[PDB]
Amino acid sequence: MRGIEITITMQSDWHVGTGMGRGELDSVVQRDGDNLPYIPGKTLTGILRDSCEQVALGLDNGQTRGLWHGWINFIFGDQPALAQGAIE
RNA sequence: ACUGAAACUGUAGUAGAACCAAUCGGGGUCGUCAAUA
């Protein structure tokens, strides 16, 4: 399937993605193959996931695990690196 | 003889402290100008 997009309109000056700096800069933003700034899809997934986690956490009445947190693990997948013990 | 999955390069941090747009100056006062006959 194809056809969906996320449109991001940056409404203030923005910084993303890198723990490195250039000659006069101690923090340099991330740049695509065109050397142009871009929002990496892992940053965008992580940001959008977090905001869905907020919505689900509200719909769950603040429960950290529940029905709507299940839906987040449905849409964005489980995070097995967090869970510990015998997750079956 | 079969693509690992999942993971925000992020968190804290006042481009700021110091620095006189300032120093000196009577709104004043006299003989010049031209060259010949």
Side-chain angles (χ1 to χ4, degrees):
Chain A
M1 77 79 77
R2 198 65 58 69
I4 307 174
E5 296 181 11
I6 283 162
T7 294
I8 314 188
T9 298
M10 304 308 294
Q11 302 190 132
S12 72
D13 305 303
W14 54 280
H15 184 89
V16 175
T18 300
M20 85 186 34
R22 262 186 295 112
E24 52 270 333
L25 299 155
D26 302 278
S27 64
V28 173
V29 310
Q30 239 161 6
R31 280 181 180 259
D32 54 30
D34 309 86
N35 191 249
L36 301 171
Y38 80 125
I39 298 161
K42 300 207 86 164
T43 286
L44 178 62
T45 43
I47 288 295
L48 188 67
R49 187 180 187 130
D50 189 277
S51 302
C52 295
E53 306 238 353
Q54 275 291 357
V55 170
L57 190 56
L59 297 175
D60 275 340
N61 302 85
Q63 300 172 103
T64 61
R65 299 188 183 174
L67 187 137
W68 293 92
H69 277 298
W71 280 101
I72 298 317
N73 292 319
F74 190 60
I75 300 160
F76 299 92
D78 298 290
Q79 307 185 94
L82 302 187
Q84 66 186 1
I87 285 72
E88 286 186 66

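First the proteins, then the strands, lettered A, B, ... as listed; each starts at 1. Because only heavy atoms are used, hydrogens play no part in the values below, and waters and symmetry mates are left out as well, while side chains stay in.
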Enquirer: Would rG13(B) be called syn or anti here, given the cut-off of 90° from 0?
Expert: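 The base of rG13(B) is oriented anti (glycosidic angle more than 90° from 0).
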
Enquirer: Could you check whether the six-membered base rings of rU29(B) and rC30(B), which sit next to each other in the strand, have centres less than 5.5 Å apart and planes tilted by under 30 degrees?
Expert: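 No, which means the ring centres are not under 5.5 Å apart or the planes are not under 30°.
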
Enquirer: Provide the closest heavy-atom pair for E53(A) versus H69(A) in the form atom of the first, atom of the second, distance.
Expert: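 The answer is O-CE1, 3.9 Å.
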
Enquirer: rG10(B) P sits how many Å from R49(A) CZ, rounded?
Expert: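 Between P of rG10(B) and CZ of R49(A): 18 Å.
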
Enquirer: Using the six-membered ring of each base, decide whether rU14(B) stacks on its neighbour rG13(B) (centre distance under 5.5 Å, planes under 30°).
Expert: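 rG13(B)/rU14(B): stacking flag false.
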
Enquirer: Quick one: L44(A) CG to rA7(B) P, roughly how many Å, whole number?
Expert: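 Those two atoms, CG and P, are 12 Å apart.
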
Enquirer: Does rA15(B) have its sugar in the north or the south range once you look at the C1'-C2'-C3'-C4' torsion?
Expert: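 On the sign test, where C1'-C2'-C3'-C4' is negative, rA15(B) is classed south.
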
Enquirer: Using the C1'-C2'-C3'-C4' torsion, classify the pucker of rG13(B) as north or south, with positive meaning north.
Expert: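 With a negative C1'-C2'-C3'-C4' torsion, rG13(B) is south.
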
Enquirer: Which heavy atom of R31(A) sits nearest to which heavy atom of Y38(A), and what is that distance?
Expert: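 Scanning both residues, the minimum pair turns out to be C-CE2, 3.5 Å.
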
Enquirer: Linking I/L/V/M/F/W/Y whenever their side-chain heavy atoms sit closer than 4.5 Å, directly or via other members, would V28(A) and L36(A) fall into one cluster?
Expert: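 No, it is not one cluster - the side chains of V28(A) and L36(A) are not joined through contacts under 4.5 Å.
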
Enquirer: For the side chain of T43(A), counting heavy atoms from C-beta on, which of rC8(B), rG10(B), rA7(B) is nearest?
Expert: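 For the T43(A) side chain, the nearest candidate turns out to be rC8(B).
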
Enquirer: Can you see which heavy atom on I39(A) is nearest to which on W14(A), and at what distance?
Expert: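 Minimum heavy-atom contact is CG1-CZ3, 3.8 Å.
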
Enquirer: Roughly how many Å is it from CG in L48(A) to P in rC8(B), rounded to a whole number?
Expert: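 In whole Å, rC8(B) P and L48(A) CG are 12 Å from each other.
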
Enquirer: In whole angstrom, give the distance that lies between atom CG of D26(A) and atom P of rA15(B).
Expert: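 Rounded to whole Å, this separation is 14 Å.
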
Enquirer: Could you state the CH2-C1' distance from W14(A) to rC8(B), rounded to the nearest angstrom?
Expert: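 That distance rounds to 14 Å.
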
Enquirer: Distance check needed: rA12(B) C1' versus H15(A) NE2, whole Å only.
Expert: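 About 15 Å, once rounded to whole Å.
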
Enquirer: Looking at the angle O4'-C1'-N9-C4 for a purine or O4'-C1'-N1-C2 for a pyrimidine, is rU14(B) syn or anti, with syn meaning within 90° of 0?
Expert: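 Syn for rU14(B); the angle stays within 90° of 0.
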
Enquirer: Could you pull out the closest heavy-atom pair between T43(A) and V16(A), with the gap in Å?
Expert: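 Closest heavy-atom pair between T43(A) and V16(A): OG1-CG1, 4.1 Å.
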
Enquirer: Kindly check the sign of the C1'-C2'-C3'-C4' torsion at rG26(B) and name the resulting pucker, north or south.
Expert: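 Pucker flag: south.
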
Enquirer: Within this structure, what is the CD1-to-P distance between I72(A) and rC8(B), rounded to whole angstrom?
Expert: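 Taking atom P of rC8(B) as the reference, CD1 of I72(A) is at 13 Å.
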
Enquirer: Provide the distance between the two P atoms, one in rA5(B) and one in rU9(B), to the nearest whole Å.
Expert: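 Here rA5(B) and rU9(B) have their P atoms 16 Å from each other.
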
Enquirer: Would you call the sugar of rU29(B) north or south from its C1'-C2'-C3'-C4' torsion?
Expert: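 Judging by the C1'-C2'-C3'-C4' torsion, which comes out negative, the sugar of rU29(B) sits south.
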
Enquirer: Tell me the interatomic distance from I47(A), atom CD1, to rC8(B), atom P, rounded to whole angstroms.
Expert: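 Distance, rounded to whole Å: 8 Å.
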
Enquirer: Could you check whether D50(A) gets within reach of a base, just the sugar-phosphate, or nothing at all, counting any heavy atom under 4.0 Å?
Expert: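 The answer is base, as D50(A) lies within the cut-off (heavy atoms under 4.0 Å) of a base atom.
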
Enquirer: Positive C1'-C2'-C3'-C4' means north, negative means south, so call it for the sugar of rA34(B).
Expert: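 It's north.
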
